[PDB]
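> Those protein sequences? They're chains A and A', same order as listed. A prime marks a further copy of an entry chain. Residue numbers for the first sequence follow PDB author numbering, beginning at 5 and rising by one. Residue numbers for the second sequence follow PDB author numbering, beginning at 5 and rising by one. Please read through the structure below; I'll follow up with questions.
Number of protein chains: 2
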Amino acid sequence: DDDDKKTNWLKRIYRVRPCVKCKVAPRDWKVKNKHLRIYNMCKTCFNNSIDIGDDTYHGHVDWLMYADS
Amino acid sequence: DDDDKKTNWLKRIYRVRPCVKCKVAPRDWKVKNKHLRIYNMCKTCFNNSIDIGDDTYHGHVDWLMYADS
Ligand SMILES: Nc1ncnc2c1ncn2[C@@H]1O[C@H](COP(=O)(O)OP(=O)(O)OP(=O)(O)O)[C@@H](O)[C@H]1O
Ligand SMILES: Nc1ncnc2c1ncn2[C@@H]1O[C@H](COP(=O)(O)OP(=O)(O)OP(=O)(O)O)[C@@H](O)[C@H]1O
Ligand SMILES: [Cl-]
Ligand SMILES: [Zn+2]
Ligand SMILES: [Zn+2]
């Protein structure tokens, strides 16, 4: 089923690329309508980036959650 | 740059999962507005599926080509 191909891919993408900052924890994310937003950092590193004044790693990638647009 | 994270991922996704039918050739695809449609089969297997009367492998997965929805 093509929706399952998309879901399996999103599980893999989320699993295999951890937080860009600590390189260990999984990334924060949210659901944004029909999209999954995967932020670049875990929550702990993101909150810390605000404290330390670094926006270098801020950002996200949005993924359509379904196989058909 | 977050758009590059998306583009690099789409290159990887396209590369690592060949045609679901012959298991060798890369899949057919097209650009569908702001989406990349990756069909399940290469063109040769898709055309052949029409000739042989099998719709089992018909289908596709659409991917947003940009990091921000
Ligand atoms: N965990 C995180 N890691 C990296 N960047 C993040 C993280 N959380 C938020 N950001 C950055 O913070 C900014 C705000 O994100 P957010 O998803 O809240 O945007 P939005 O579209 O304004 O949604 P809303 O206004 O409803 O919160 C974006 O630059 C986003 O990439
Ligand atoms: N190479 C292929 N492998 C598997 N399935 C395919 C392939 N090419 C087309 N299909 C299937 O054929 C059908 C038509 O696809 P297509 O992308 O042409 O749809 P569409 O949204 O009707 O666009 P248009 O009407 O502009 O052609 C869909 O079920 C699609 O998955
Ligand atoms: Cl996507
Ligand atoms: Zn982290
Ligand atoms: Zn094939």
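Think of the CB as a built atom: it goes at the ideal place given N, C-alpha and C, for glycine as much as any other residue.
Among all residues, which have a Cβ less than 5 angstroms from at least one non-hydrogen atom of ligand 1, and in what chain order do they fall?
Here the list is A:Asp32, A:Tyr43, A:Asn44, A:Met45, A:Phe50, A:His62, A:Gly63, A:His64.
> Any chance the CB of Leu68 (chain A) is under 6 angstroms from a heavy atom of ligand 3?
It does: the Cβ of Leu68 (chain A) is within 6 angstroms (strictly closer) of some heavy atom of ligand 3.
> Touching or not, the segment 22-36 of chain A and the segment 48-56 of chain A, by the rule of three or more beta carbon pairs under 8 angstroms?
Touching, per the Cβ criterion.
> Over what stretch of residues does the beta strand (DSSP E) that includes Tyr18 (chain A) continue unbroken?
Element bounds for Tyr18 (chain A): not the beta strand (DSSP E) but the alpha helix (DSSP H), 6-20.
> Chain A beta carbons: is any one of them nearer than 7 angstroms to that of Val24 (chain A')?
False, the Cβ-Cβ gap to chain A never drops below 7 angstroms.
> In terms of residue numbering, what span does the beta strand (DSSP E) encompassing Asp66 (chain A') cover?
Residues 64-68.
> Does the Cβ-Cβ distance between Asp32 (chain A') and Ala71 (chain A') come in under 7 angstroms?
Cβ atoms of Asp32 (chain A') and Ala71 (chain A'): not closer than 7 angstroms.
> Is any heavy atom in ligand 5 found nearer than 6 angstroms to the beta carbon of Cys23 (chain A')?
The answer is yes for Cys23 (chain A').
> Can you tell me which of the three DSSP states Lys27 (chain A) falls into?
The answer is coil: DSSP assigns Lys27 (chain A) none of H, G, I, E or B.
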